[PDB]
RNA sequence: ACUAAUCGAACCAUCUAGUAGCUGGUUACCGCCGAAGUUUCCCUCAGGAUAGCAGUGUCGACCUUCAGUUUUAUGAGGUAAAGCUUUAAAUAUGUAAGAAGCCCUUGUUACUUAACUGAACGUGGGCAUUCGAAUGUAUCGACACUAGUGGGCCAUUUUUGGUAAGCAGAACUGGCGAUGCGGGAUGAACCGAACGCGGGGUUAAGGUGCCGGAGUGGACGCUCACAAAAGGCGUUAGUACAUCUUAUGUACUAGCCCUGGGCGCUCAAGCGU
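Protein chains in written order, with PDB author numbering: chain LS, 1 to 174; chain LF, 101 to 249; chain LT, 32 to 157; chain LC, 314 to 365.
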């Protein structure tokens, strides 16, 4: 959903006399902005435990940037979505230079092949595939294969849309 | 519009589309806004948003009349009894919420804002966390005011 | 239980007694007293129609009317607003007497030590 | 007869806010931050950022 | 329609512009304010009165007060969790939030009680420059005459009874009967927005291939056109089991398709983000 960023959101129960210094739960949340990152954080936390936004506070929101966004790597995303039938789990593989780019890849991919929106989709675990042969996926496998070199046939050239008429029939060999 | 959110918008002086008002964050007020969330957008304004609103669209309620804040004299006649003597005081009292926020904010007529330059989001009638333009949005009200004001 | 003429009583309408039962529009509503009889108690209660209020007069027996605790917070407040004002004028110091609506929280610092923040995640369907 | 915007019209701003002449003169919209060597990020903050 | 057969029997002027119901009609302009089907009480059917909502005037205090709102305190309801009905809560919903107020002291009474035990009428105090929450302020209160509806319709929500399924009835809210504008290729639905006459700027709902103002715009995938654990040797996406120097092959899950406005479109001008 948009240019998402990663957010580290830490929060805990509002302290009472009975429980000073509460437990300080932390979650990693992909969101377009901070007010969505905090909303997803309370949505999950009320799902697992009894804490709510009204009785809870947020102690930090921090952006987790990519360590090496100029390196290309393979990502494994564990996933959970609610359909009309029910909830199912699957695992996709993506090839991007960053984790937020792979989550961007997932959200468009999941909405296309399965018609799942942001509310139904739950991130389980996104982890960099450190070593080859941990790639369990065919279309990534041909890409990680040795000495990849493919042609680009039938590339339609960029003709400007405001040049309605052309004098020469275009060539598709570039 | 049901009559219960209708009464609140009258009490918050939001009687028209594209109408602005400063309110205090308070458990009395915060529960009042949450009911009329299907009708409003709200957030936290910065110093600049407070400054440009008072300077460009700042109007005063002088004997029930909407008088534009043109000279410093017209603040002395109305709010000199609370120590506010100039425009920079009225900005200071609102931004840094002082002991006389209530008399300062009621002095100002509600801000008749224009439509935003650049438009709203495609479906502005959803919450901001679901891609719309409604409800709380915190520091992003500064971008909304900049397009509007 | 005993009841005056003019105090505040609240109706509960239990299912034990069925004699002269008020409607479901009259269960659980608070009102004032204008008549006290051997069993029935005359109750004045407002009614909400359209934009206004109309007053209705009824009779409810003693089996479901209880003394109202509505103005209990008042008699506590005026008594306490009195004795703090005596302590204020004796000591010559000002005291905030009204109620504040619980202003939003100020800023503070939370230390990491002894509390390593645990990393959570959603769970699968199994 | 005619409300003039002090943000556009510099004369109305000076009538309303006489400090506005010396704000731009001494350039307090461009106040440089206080000098001094900034400390490194603590190592414990880096692990909590890049945690699993 | 015609013929045969069937039933009946006047006219004139006046009373008389008879009366009853029920139709049709009812004559310049502009400005301001603007509704209703609803509460209580009677009695012939043939329906009355009243309350409301409204218009003109008129009179008394001064936004003190008030309020389809929140908050604080306290009732009332069901549904999970939960304990051995109490527990904590959703959701709407009563009451109170000072000087028109409090507490206790002391007398009386026609009332009540063992008794100021209470109730009523009289004594005492204190805060009038935080008078004891927030927000609002175009504050009200009270008279007359004079209307029009007083018996409806639609939608939501709740609730009740019931059918083979239907359906039926209330109450609440919004609306209609009394509404123009942009959209919905069209609309009595719905979405936006409610209205003096003009100029400029920005938008909403909806759109940007042509008709039509606006993108043949950008990223990534899929497709070639009733109904069931249904048939697919069509394609893609995911899961679970088995072989392997001793790449596979079986069954499912999800897409979506074959069977079950015009022009035109197919690396869309379709679908999802």
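We put the beta carbon where it would ideally sit given N, CA and C, even for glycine.
#1: Taking any Cβ of chain LC, which residues in the segment 61-82 of chain LS have a Cβ under 8 Å from it, in chain order?
#2: Find the residues of chain LF that neighbour residue 138/LT, judging by a C-beta separation of less than 9 Å, and give them in chain order.
#3: Looking at residue 93/LT and residue 70/LT, is the spacing between their C-beta atoms short of 8 Å?
#4: Just to confirm, is the Cβ distance from residue 94/LS to residue 118/LS under 8 Å?
#5: Given this structure, state the Cα-to-Cα distance separating residue 75/LT from residue 86/LT, to the nearest angstrom.
#6: When you compare only the Cα positions, how much space is there between residue 194/LF and residue 249/LF?
#7: Is the segment 32-43 of chain LS in contact with the segment 222-233 of chain LF, if contact means three or more CB pairs nearer than 8 Å?
#8: Please confirm if the segment 39-53 of chain LT is in contact with the segment 88-105 of chain LT, defined as three or more CB-CB distances below 8 Å between the two stretches.
#9: How many Å lie between residue 219/LF and residue 246/LF at the Cα?
#10: Alpha carbon to alpha carbon, what distance is there between residue 77/LS and residue 199/LF?
#11: Taking C-beta pairs closer than 8 Å, name the residues in chain LF that residue 35/LS reaches, listed in chain order.
#12: Flag this pair as touching only if the segment 100-114 of chain LS and the segment 4-13 of chain LS have three or more C-beta atom pairs under 8 Å; answer yes or no.
#13: Looking at C-beta atoms only, is the number of pairs between the segment 126-145 of chain LT and the segment 148-157 of chain LF that lie closer than 8 Å three or more?
#14: Compute the minimum distance between the beta carbon of residue 183/LF and the heavy atoms of the ligand NAP, and state whether it is under 7 Å.
#15: Please report the residue range of the beta strand (DSSP E) in which residue 171/LF lies.
#16: How would you label residue 156/LS, buried or exposed, when you count the other beta carbons within 10 angstroms and need 16 or more for buried?
#17: Are residue 89/LT and residue 53/LT close, meaning C-beta to C-beta below 8 Å?
#18: May I ask you to list the residues that DSSP assigns as paired with residue 60/LS?
#19: Starting from residue 148/LF, follow the alpha helix (DSSP H) in both directions and report where the run begins and ends.
#20: Give me the Cα-Cα distance between residue 113/LT and residue 107/LT, rounded to the nearest whole angstrom.
#21: On the premise that residue 47/LS lies in contact with residue 25/LS, defined as a C-beta separation below 8 Å, what is that separation, rounded to the nearest angstrom?
#22: Can you tell me whether residue 105/LF is helix, strand or coil according to DSSP?
#23: Name, going along the chain, the residues of the segment 121-145 of chain LF whose beta-carbon falls closer than 7 Å to a beta-carbon of chain LT.
#24: Taking the alpha-carbon positions, what's the residue 52/LS to residue 39/LS distance?
#25: Roughly how many angstroms lie between the CA atoms of residue 317/LC and residue 324/LC, to the nearest whole one?
#26: Nearest-angstrom Cα distance between residue 180/LF and residue 203/LF?
#27: Under 7 Å Cβ-Cβ, which residues of chain LC neighbour residue 172/LF?
#28: Below 8 Å on the Cβ atoms is my contact criterion, and I expect residue 251/LF with residue 169/LF to pass it. Report the Cβ-Cβ distance as a whole number of Å.
#29: Would the segment 77-87 of chain LS count as touching the segment 128-145 of chain LS if we require 3 or more Cβ pairs under 8 Å?
#30: Check whether the Cβ of residue 365/LC lies closer than 8 Å to any Cβ atom in chain LT.
#31: How many whole angstroms separate the CB atoms of residue 102/LF and residue 139/LF, which I take to be in contact at a CB cut-off of 8 Å?
#32: How should residue 173/LS be labelled, buried or exposed, when 16 other C-beta atoms within 10 angstroms of its C-beta is the threshold for buried?
#33: Which residue's Cα is closest to the Cα of residue 62/LS: 56/LS, 73/LS and 41/LS?
#34: Any idea if residue 236/LF is buried or exposed, counting beta-carbon neighbours within 10 angstroms, 16 or more meaning buried?
#35: Per DSSP, which one or two residues make a beta bridge with residue 215/LF?
#36: Could you pull the start and end residues of the alpha helix (DSSP H) that residue 138/LS belongs to?
The relevant details are as follows:
#1: 62, 64 and 67
#2: Here residue 138/LT is taken as the residue at index 107 of the third chain, counted from 1. Under the 9 Å cutoff, chain LF gives no residues; its nearest Cβ is about 14 Å from residue 138/LT.
#3: What you label residue 70/LT is simply residue 39 of the third chain in a count that begins at 1. What you label residue 93/LT is simply residue 62 of the third chain in a count that begins at 1. Yes, these two residues count as a Cβ contact at 8 Å.
#4: Mapped onto the first chain, residue 94/LS falls at position 94. Mapped onto the first chain, residue 118/LS falls at position 118. Result no, Cβ atoms of residue 94/LS and residue 118/LS do not sit closer than 8 Å.
#5: As a working mapping, residue 75/LT is identified with position 44 in the third chain. As a working mapping, residue 86/LT is identified with position 55 in the third chain. Taking the straight line from one Cα to the other gives about 7 Å.
#6: Position 94 of the second chain, counted from the start, is the residue given in the question as residue 194/LF. Position 149 of the second chain, counted from the start, is the residue given in the question as residue 249/LF. Answer to the nearest angstrom: the Cα atoms are 18 Å apart.
#7: yes
#8: yes
#9: For the purposes of this step, residue 219/LF is taken as residue 119 along the second chain, with counting starting at 1. For the purposes of this step, residue 246/LF is taken as residue 146 along the second chain, with counting starting at 1. Each residue's Cα considered, the two are about 12 Å apart.
#10: Against the second chain, residue 199/LF aligns to sequence position 99. Against the first chain, residue 77/LS aligns to sequence position 77. Between residue 199/LF and residue 77/LS, the C-alpha separation is close to 53 Å.
#11: Reading the first chain from its first residue, position 35 is the one you call residue 35/LS. Those are 228, 229, 236, 237, 238 and 240, listed as they occur along chain LF.
#12: yes
#13: no
#14: The model depicted lacks the ligand NAP and carries no ligand whatsoever.
#15: Walking along the second chain from the start, residue 171/LF turns up at place 71. From DSSP, residue 171/LF is part of no beta strand (DSSP E); its letter is neither H nor E.
#16: Mapped onto the first chain, residue 156/LS falls at position 156. Exposed, by the Cβ-count rule.
#17: The sequence position of residue 89/LT within the third chain is 58, counting from 1. The sequence position of residue 53/LT within the third chain is 22, counting from 1. A contact, by the Cβ cut-off of 8 Å.
#18: By 1-based counting over the first chain, the position of residue 60/LS is 60. Partner(s): 10/LS.
#19: Here residue 148/LF is taken as the residue at index 48 of the second chain, counted from 1. Segment 147-157, the alpha helix (DSSP H) holding residue 148/LF.
#20: Here residue 113/LT corresponds to residue number 82 of the third chain, with the count starting at 1. Here residue 107/LT corresponds to residue number 76 of the third chain, with the count starting at 1. Cα to Cα, residue 113/LT sits roughly 10 Å from residue 107/LT.
#21: Start at 1 with the first residue of the first chain, and residue 25/LS comes out as number 25. Start at 1 with the first residue of the first chain, and residue 47/LS comes out as number 47. That pair is no contact at about 12 Å.
#22: The count along the second chain starts at 1 and reaches residue 105/LF at position 5. In this structure, residue 105/LF counts as helix in the three-state DSSP scheme.
#23: 125, 126, 127 and 128
#24: Your numbering for residue 52/LS matches position 52 in the first chain. Your numbering for residue 39/LS matches position 39 in the first chain. Looking at the two C-alpha atoms, the distance is approximately 11 Å.
#25: Position 4 of the fourth chain, counted from the start, is the residue given in the question as residue 317/LC. Position 11 of the fourth chain, counted from the start, is the residue given in the question as residue 324/LC. Their Cα atoms are separated by approximately 9 Å.
#26: Along the second chain, one-based indexing puts residue 180/LF at 80. Along the second chain, one-based indexing puts residue 203/LF at 103. Residue 180/LF and residue 203/LF: Cα-Cα distance of roughly 11 Å.
#27: Translated into positions along the second chain, residue 172/LF becomes position 72. In chain order: 329.
#28: Given that chain LF is displayed from residue 101 to residue 249, the structure contains no residue 251/LF and the question cannot be resolved.
#29: no
#30: Taking the fourth chain and counting its residues from 1, one reaches residue 365/LC at position 52. Yes, its Cβ sits closer than 8 Å to a Cβ of chain LT.
#31: The residue you call residue 102/LF lines up with position 2 of the second chain. The residue you call residue 139/LF lines up with position 39 of the second chain. The Cβ separation is near 11 Å, so there is no contact.
#32: To locate residue 173/LS, count along the first chain from 1; it is residue 173. Residue 173/LS is exposed by the Cβ-count criterion.
#33: Position 62 of the first chain holds residue 62/LS. Per the Cα distances, 41/LS.
#34: Taking the first residue of the second chain as position 1, residue 236/LF is located at position 136. So residue 236/LF ends up on the buried side.
#35: Counting from 1 along the second chain, the entry for residue 215/LF is found at position 115. None, per the DSSP bridge assignment.
#36: Within the first chain, the letter at position 138 stands for residue 138/LS. Where residue 138/LS is concerned, the enclosing alpha helix (DSSP H) stretches over 138-141.
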